[PDB]
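Colleague: Pasting a structure here, questions to come.
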Amino acid sequence: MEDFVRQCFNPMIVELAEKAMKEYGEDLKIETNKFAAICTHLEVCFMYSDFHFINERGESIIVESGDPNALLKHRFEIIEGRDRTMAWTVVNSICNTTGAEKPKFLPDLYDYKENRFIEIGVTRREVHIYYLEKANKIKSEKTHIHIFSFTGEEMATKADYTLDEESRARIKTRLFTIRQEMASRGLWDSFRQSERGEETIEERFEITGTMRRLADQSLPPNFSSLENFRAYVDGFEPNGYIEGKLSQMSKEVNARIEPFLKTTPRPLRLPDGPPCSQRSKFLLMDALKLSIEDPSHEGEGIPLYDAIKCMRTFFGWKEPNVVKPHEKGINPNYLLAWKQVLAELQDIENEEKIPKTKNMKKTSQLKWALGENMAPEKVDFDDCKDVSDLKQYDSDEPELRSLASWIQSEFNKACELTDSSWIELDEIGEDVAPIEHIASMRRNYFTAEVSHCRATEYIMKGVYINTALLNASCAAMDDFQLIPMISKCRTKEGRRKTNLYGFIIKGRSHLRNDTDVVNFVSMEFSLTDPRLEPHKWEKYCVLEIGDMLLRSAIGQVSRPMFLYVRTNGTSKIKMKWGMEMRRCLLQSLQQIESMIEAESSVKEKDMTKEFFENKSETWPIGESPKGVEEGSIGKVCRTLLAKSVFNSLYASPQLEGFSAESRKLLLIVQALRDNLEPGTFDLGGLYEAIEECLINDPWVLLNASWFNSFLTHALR
Amino acid sequence: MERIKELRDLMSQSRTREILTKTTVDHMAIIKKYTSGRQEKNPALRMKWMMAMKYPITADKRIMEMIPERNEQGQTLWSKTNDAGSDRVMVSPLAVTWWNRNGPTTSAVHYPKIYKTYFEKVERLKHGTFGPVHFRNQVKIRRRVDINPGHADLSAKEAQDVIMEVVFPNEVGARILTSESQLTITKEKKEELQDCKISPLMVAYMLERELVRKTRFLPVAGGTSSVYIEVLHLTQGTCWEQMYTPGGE
Amino acid sequence: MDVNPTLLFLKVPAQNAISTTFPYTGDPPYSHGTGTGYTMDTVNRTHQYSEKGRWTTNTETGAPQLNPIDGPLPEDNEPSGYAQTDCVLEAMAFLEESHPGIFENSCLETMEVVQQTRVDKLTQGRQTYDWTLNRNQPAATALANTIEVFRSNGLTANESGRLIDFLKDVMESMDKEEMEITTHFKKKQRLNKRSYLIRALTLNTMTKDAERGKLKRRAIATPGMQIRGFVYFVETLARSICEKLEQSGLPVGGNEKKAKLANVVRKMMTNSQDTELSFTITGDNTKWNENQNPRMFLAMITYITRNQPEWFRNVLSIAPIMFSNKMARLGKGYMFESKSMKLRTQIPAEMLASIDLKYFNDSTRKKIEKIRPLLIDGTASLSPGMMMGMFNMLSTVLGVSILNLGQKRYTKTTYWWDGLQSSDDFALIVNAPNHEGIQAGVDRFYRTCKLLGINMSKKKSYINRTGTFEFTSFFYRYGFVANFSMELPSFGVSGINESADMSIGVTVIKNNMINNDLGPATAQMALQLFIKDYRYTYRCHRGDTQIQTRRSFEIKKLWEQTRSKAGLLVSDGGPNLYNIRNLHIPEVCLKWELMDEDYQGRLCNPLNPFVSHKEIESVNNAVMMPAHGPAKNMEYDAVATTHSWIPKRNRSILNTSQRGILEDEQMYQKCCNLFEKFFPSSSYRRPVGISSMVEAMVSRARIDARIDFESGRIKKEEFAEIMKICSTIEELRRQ
Amino acid sequence: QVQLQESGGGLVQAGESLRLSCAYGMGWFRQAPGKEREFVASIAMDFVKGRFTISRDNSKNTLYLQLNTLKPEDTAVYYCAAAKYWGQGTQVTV
RNA sequence: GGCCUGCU
RNA sequence: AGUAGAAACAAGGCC
């Protein structure tokens, strides 16, 4: 039958009908009479629509061939011959522009004169039944319907026929051409009734070929095919198989509970080796401040001018000389770098306006100090294979180092009060609710407690230094840059003040990965002699740069004044995390506020004021040789803030591992102290897990010592 | 006019012609998401790192013909170098602030009508009345509650057809909404937003947010009302209760 | 006196101050170089935990595979992957018996979803291993490349737009003699059957960074695109199953997890009378993923899908069949340094099979020597067990089956147990009349776990009396206690954009106040610090200050120009009006009534060249990877302002041979923008159909010109011009 | 079609051991002088569990029954069976 | 010396 | 040298 559509109809219509065939997903080889019927429907749609044009009037202009002009409007514009999505697109667009009603089924054409749709259907059966059939299929329709049938008859409601009658003679001539051409073909044994509305399909997902063999190799050891295994599974029913293997399984497979008593836990062993060194990016306990007493705010001002003005406030400069060498570098380079920094600072002082940011010369001194041109050149393996020295990067456990007493004193003095306010908080919306007033009062109390704390000063120092370093690295990637360490505080009298700890020289910072390292050299003034705790300054070079006179009742001290100079490095991640050190304030004060709220849930009243003023209640916050010492809530605030600050400063994988594996043991010990009969399956394994995190970090070793002390004081 | 004209210009060049011809409508989404740009793992680190560069943000090419290349002192506002995989050009953040001090101005009177949820929140809070804070242990029990206080009793898909018919009346397809509540919602949000020119996509998104009901599991103590859950952070705490009555009531 | 914070625990219980034990204020550990060492170590460890299995050689991939299932029962407490098929089938049968109708229903909904799912659902995924280029690429890019290659090779069933048809094409590709791929350096290369099989069965290995809570780094894996559809269907089934199990806690959030934990502890302890003792085990499973054999997941799913259409069973079984034969790419490689000659070199991992061992240290030398026998075409066969939690939900199902197997109806003894399982972590409440009963119950639970290939970490687990325990960093002590140290890293600028960052910060403060019991004063301090960091990050200072920045001039002139300066946004150098009462309001709407109409109009102008919206999914959704958890998405309330710009892209593609991808990106985006202008609903609802672009665009041009004349700007001249231009593009597409 | 021959029976001490062997799923069954058949093991009964182990070599075409810690109440003819096919049995006397 | 890139 | 820690950075590539 398909030979007929090969022969007669034009290409355009046959591929339109083929795409309509693909539309609903049925195959053309099984039933083709539908293809012919609907392609004839589509053909009558065209032949009825084309050759029919309109101009600004009604009364369509009919031309056998559209002449070249703007007057190519089509009388009837076709609906079908398009995908369902576009057919409904045209339906909705016509409804929204023509203000007509939206039909629920697919029309075939639209006309302007009568401003409505045409649903053309030419069926094998006579018209006077198919018409009202499709009419009762369509609900309350104003779209006019018109149908032909092979006998040659026409019909329509309203007795309406919308265009010329010679066109309809055309239609029925086409119709009988179709008819008495099948006459030569002979199809009416099924042509009248060939489609009955079949819609059914079964989804087929068949495993075959290579993928089947893979299925045959992904079974238990004693199975040969997926078919057999699935049959076995379907036939499988529970018949007490877990019990049999449990009985047969060796009894050494057990989870015996070892009781956890007061005498069970042993102190954590600390590693032994050379004392632990300093790792901070700046001096914490041994910092010195040169000040100007200016009225500018933290960010307000220009760095270089402030630094120069602060440094001019000090008199007593001496020619620098080596006091304590780096022990691994070239100290003369550090000396020359310091003198170069001074010289270029003067050079800025001379000229017209202090630059906002200064670049330094790339001398051999800072070329060595900043580690320039030291990365091995990257080459290909095929060119370097016979080199005996060629091997992997050194990948082994870090060097072992024992704890020293300097970190303990540094933390002790990091929780001490100061003679300045190191936090100038921002603005918030004016409090409107009583709860907001309570929150503001609490916040004011904590700010009064923590602002005068060395932890806040360290927070500001780190934030400013890391912000400046990151910005300089991102801006001046190539050229070495000078950045004075600046921090602005407020005195007890209320006068604002600036403080200059020293200088940082940032080097080449072409940082691609988050782990890539930018090297800088840090110089900081101090008065602490490095000849008393040399092991804490393994990586520092310390010079003697001047003498300071601070008013004291013992005449006047006239102390020496040294310069701690070192080469340090950071990374994008480290800079970003060090510039978010202000969340240590959060951590600490959230803990304290949780304490206050928990206690106030007992007594139905806010308990902040008496906690902060009466200072009756105290918490164990340290141990003295006499015994455990307790301090007021403010001291707890400062201690927790210092702990968070040191966590942010000495952060490392060792800290995370020890924190987790020691929190586990802390929970076990707490369960013991709560009389909850705690038990363990392998306590030695937990101890070994904790002890492997303690390698060389001073902070984690101090935490381990604190944990041992807590165990000793606990378990009683 | 224009649209078909850049269509013809695209089809003029062979590669885009092939892309238009062989690519089917269904694959639309795929090729639209086809990109070499990986999704950032650490957005904060790079936002703090990119903002230290010059020309850290991106803007459409049209910026080159509305904002001058430099400001009064000569600080550059935009660059003509296009982004990696787009025709947009990289520009400095000042071009933002510049646009807020001398850029073109319009009538933003209809934004309150579009962003109905946020302005309703503001109105509800502005007329609220606070009360005394009572300090006592709160037994916070976890419950499933509806957070959206303006949901019109419609699901995501249920209101999606409404949203299309309100914004994209022609792409609705087969669906013609039966429920009369949807009829009235369509009528109201059609006559209300008849000429709003913010964007079809944002209008649809905000209509989805407003009409679609959404639910989440939260620790609550008292309240349980939609209007009382948006301020759950302000009325309920660990050891304190703050009596509150939104402006709606 | 020496200060010691830990001594604070002598007065404050450990859980009431547990936040102090979370050093989440410093930089988390990161990996620096290759992850090849970790990948090799994981492969060797997975293979040696199942050493007593039986060896075979796959006839298709030619790789050695180790099957330990039904192997000898363990005789020691060391990890073992010798799961027994009959035991696990019996466990699943008991799970079904205790929950009748679970499998049949879940299979019904899964069948519905599978037969109505679309291909585009695969684009909604993070990095995936594209085999066309042998590298990780965004899910959409890899899917597009694979579809292009399939269409070039003759597999065009995916044009039906159905994920099931895409999987049919994927499987049909397995039986092809020779496929063709494209490489740029374009060159067409031919892949034989075995090479393509291994490229489709392989995984890409990387090192996990930003992982807090352990000293050593780990390795993670990413599969290809051929196997992700089957994984999606299997995980859909597993999620539908677990949603019907109250003992599971994987498909829920955190608060739901806490609620279920409280309910189970109350149920276990309350029902226990005075005579019965109760004990809670806070258990962690050692080597959870390395001991889960994909064959056992195949067994579980084929038991689940019993009495179901065979096509459903086949499509759900394809995934574990491929995992059982999965291969793993070793990794980036190894970098060597020579200090004598002062140079460095980078050898790819694919050379580990043949490269001499003189360059490697003792540990790496032994690892390579042990893993070499499993090396096939630069990748190692990893049949014995899963690599990194790809089947999280099925593992949770197995754990829930173990938990339910002690409902006192199967124990047949006075003791019994229950609890909650979330993959790699569990809490087990066991009750028994005497300590001997508790010991016997825990021993039998451990033994049954060892029969299913699941091991309990004795070093990271402990048992106490009920009332105090831990679960996924949630510490329960007669009621869950807030931590607030897990969410600390999320208190900074997110890094999306100005408005997005502001809204996300305020919303995070609000949420942590609601959930994590953040205090009022602490919340105010957090708001202040966040505002400070936000202003210092975006160079948007108050405007009344003299802080010179790259943006302080325009901000200052805008400040001096504005009359009501209280309405200026913090992004434009205005005061901050936020407070505890205003944390749930966007900044634009909070300052709407205070803004000057000129500034208000300039700010919220639709014609701004900065705002760009792509799809309904990416309107106000921000992907923030939370600390100590999987990547998560958040809805943030924000108004589309001129500050909603999107930041610059990487731009490093210009120096790589893969430079043509940018031109393809630009052309695809131009075509997509044209289509959207032709089809406005393209973004909100993704278009569907089987026609091509130009057909729809030209036909809609026809119709829209028509109707927009029937009322609108068009004119006959223009309408006819459009009609004949449509004809012109038609004949152009003809040729 | 399936012929079966048992081996490995005999006289043993109480508490001794004995490995029966019999040259499809398979079973071991026993018959005491005063009774009908009793289930032993298949590839175990309450009276023999833990004592006795059944195991097969499908390459040797043999099923084994490893009896340990024997009692006077094990005294029976032990028959091997295939599933319809029954051995003649091997005498075990404890 | 000149120019390109900074998660590809 | 320095940062850092089971492998890396201490710029890369292209002419």
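Method on record in the header is electron microscopy, 5.6 Å.
Cβ from N, Cα, C; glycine included.
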Colleague: Of the candidates A:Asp50, A:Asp108, A:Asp111, which does Swiss-Prot annotate as part of the Mn(2+) 1 site that also includes A:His41, A:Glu119, A:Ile120?
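Modeller: Mn(2+) 1 site check in Swiss-Prot: besides A:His41, A:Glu119, A:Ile120, the record includes A:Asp108 out of A:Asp50, A:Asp108, A:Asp111.
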Colleague: In Å, rounded, how far does the Cα of A:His41 (Mn(2+) 1 binding site) sit from the Cα of A:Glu80 (Mn(2+) 2 binding site)?
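Modeller: On Cα coordinates alone, these residues lie 10 Å apart.
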Colleague: Going by DSSP, give the three-state secondary structure for A:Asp108 (Mn(2+) 1 binding site).
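Modeller: Its secondary structure by DSSP: coil.
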Colleague: Say we define neighbours as other CB atoms within 10 Å of the CB. Which of the binding-site residues A:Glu80, A:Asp108, A:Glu119 has the fewest?
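Modeller: If we count Cβ atoms within 10 Å for the binding-site residues A:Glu80, A:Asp108, A:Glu119, the smallest count is at A:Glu80.
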Colleague: Quick one: Cα separation, A:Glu80 (Mn(2+) 2 binding site) versus A:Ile120 (Mn(2+) 1 binding site), in Å?
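Modeller: Checking the Cα atoms of A:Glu80 (Mn(2+) 2 binding site) and A:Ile120 (Mn(2+) 1 binding site) gives a distance of 10 Å.
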Colleague: Where does A:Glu80 (Mn(2+) 2 binding site) sit in DSSP terms: helix, strand, or coil?
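Modeller: For A:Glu80 (Mn(2+) 2 binding site) - judged by DSSP and reduced to three states - the answer is coil.
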Colleague: A:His41 (Mn(2+) 1 binding site) has how many other Cβ neighbours within 10 Å of its own Cβ?
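Modeller: Taking all protein chains shown, A:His41 (Mn(2+) 1 binding site) has 16 Cβ neighbours within 10 Å.
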Colleague: Can you name the residues of this chain that are 6 or more positions from A:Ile120 (Mn(2+) 1 binding site) yet have a C-beta less than 8 Å from its C-beta?
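Modeller: When sequence neighbours closer than 6 are ignored, A:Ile120 (Mn(2+) 1 binding site) has A:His41, A:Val44, A:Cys45, A:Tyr48, A:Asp108, A:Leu109, A:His146, A:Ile147 within Cβ distance under 8 Å.
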Colleague: What are the helix, strand and coil residue counts for the motif 'Nuclear localization signal 2 (NLS2)' (A:184-247) according to DSSP?
Modeller: 30 helix, 0 strand, 34 coil
Colleague: What is the three-state DSSP composition of the motif 'Nuclear localization signal 1 (NLS1)' (A:124-139), stated as helix, strand and coil residue counts?
Modeller: 11 helix, 0 strand, 5 coil
Colleague: What is the set of residues, excluding A:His41, A:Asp108, A:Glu119, A:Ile120, whose C-beta falls within 8 angstroms of the centroid of the C-beta atoms at the Mn(2+) 1 site?
Modeller: A:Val44, A:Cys45, A:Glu80, A:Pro107, A:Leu109, A:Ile118, A:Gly121
